[PDB]
Amino acid sequence: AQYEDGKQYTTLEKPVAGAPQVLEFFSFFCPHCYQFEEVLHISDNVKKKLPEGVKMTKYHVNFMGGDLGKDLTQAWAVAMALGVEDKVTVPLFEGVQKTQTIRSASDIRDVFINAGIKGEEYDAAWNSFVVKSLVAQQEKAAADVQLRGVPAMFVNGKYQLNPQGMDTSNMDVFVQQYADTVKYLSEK
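So for the sequence shown, this note's numbering puts the first residue at 16; every next one is plus one.
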């Protein structure tokens, strides 16, 4: 066939019921994730090709960057709760990987302040139980699928994107293949 299990995707042995339709995992410490976000705009091109009625979820993971990695999962929970993902994603990536000016939770906080979220508002979110459960959700979703690597995308808790099995000669063609695969799996 044109799309083959073990080629553009793998199938989970252990399917995850009640899973978000399109579930993406990343780390601000993850170098291909940086590419996926700022050079390839994967999430965005997937959304563009996805049918309607489909929600996309994106979660941060703990297994990279030790203590700062965990702070970043909590900060992403704050981002999701305040709905400011599109304002902090790029500066968090560049602060961690490009400029290396993120070294502590206070530095993560500075990125939000500079993006215009208020101190009070950020610190209140940071400490809120709503953020606690949001962090739990990120962890549970990663735990559900045995996740030891990012970037990663899962469709309907049963299929996992396999970018290694796509051509990377051309970044544009790579992105479309990736997105067409998500759409194919979506319709499955």
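All C-beta atoms, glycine included, are put in the ideal place defined by N, C-alpha and C.
Using only the alpha-carbon positions, how far apart do residue i and residue j sit?
i, j, result
"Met181", "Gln191", "10 Å"
"residue 254", "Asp59", "Not covered by the structure: residue 254. The range shown for the chain is 16 to 203."
"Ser119", "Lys102", "19 Å"
"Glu52", "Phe144", "29 Å"
"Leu97", "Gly164", "27 Å"
"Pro166", "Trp91", "16 Å"
"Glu135", "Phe127", "11 Å"
"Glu39", "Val99", "17 Å"
"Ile132", "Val197", "33 Å"
"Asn177", "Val188", "15 Å"
"residue 206", "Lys203", "In this structure the chain extends from 16 to 203, so residue 206 is not present and cannot be described."
"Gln115", "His47", "17 Å"
From the beta carbon of residue i, is the nearest beta carbon of chain D less than 8 Å away?
i, result
"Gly131", "In the displayed structure, chain D is absent; only one protein chain is listed."
Based on the DSSP output, what are the partners of residue i in its beta bridges?
i, result
"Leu38", "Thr72 and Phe169"
"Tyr137", "Looking at the DSSP assignment, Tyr137 forms no beta bridge with any residue, so it has no partner."
"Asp20", "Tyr24"
My guess is that residue i and residue j are in contact by the Cβ rule of under 8 Å, so how many angstroms apart are they, rounded?
i, j, result
"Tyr74", "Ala156", "6 Å"
"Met71", "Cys45", "Not really, about 18 Å apart at Cβ, beyond 8 Å."
"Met186", "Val54", "7 Å"
"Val105", "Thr88", "Between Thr88 and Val105 the Cβ distance is about 18 Å, and since that is not below 8 Å, they are no contact."
"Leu65", "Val160", "That pair is no contact at about 20 Å."
"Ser201", "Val69", "7 Å"
"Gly84", "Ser42", "7 Å"
Which residue marks the beginning of the alpha helix (DSSP H) containing residue i, and which one marks its end?
i, result
"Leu176", "Premise fails: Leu176 lies in the beta strand (DSSP E), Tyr174 to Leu176, not in any alpha helix (DSSP H)."
"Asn129", "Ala120 to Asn129"
"residue 224", "Nothing about residue 224 can be reported from this structure: the residues present for the chain run from 16 to 203 only."
"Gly81", "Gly81 to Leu97"
"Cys48", "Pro46 to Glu53"
"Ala32", "Unbroken run through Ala32: none, as it is neither H nor E."
Within a Cβ cutoff of 6 Å, which residues of the same chain sit near residue i, ignoring the five residues on either side of it in sequence?
i, result
"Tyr18", "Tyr199"
"residue 6", "Within the shown structure, residues of the chain are numbered from 16 to 203, placing residue 6 beyond reach of any answer."
Given residue i, which residues of its chain have a CB within under 8 Å of its CB, disregarding the five upstream and five downstream residues?
i, result
"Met95", "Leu149"
"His56", "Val190"
Who are the Cβ neighbours of residue i in its own chain at under 7 Å, not counting the five residues just before and after it?
i, result
"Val93", "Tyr137, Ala140, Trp141 and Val146"
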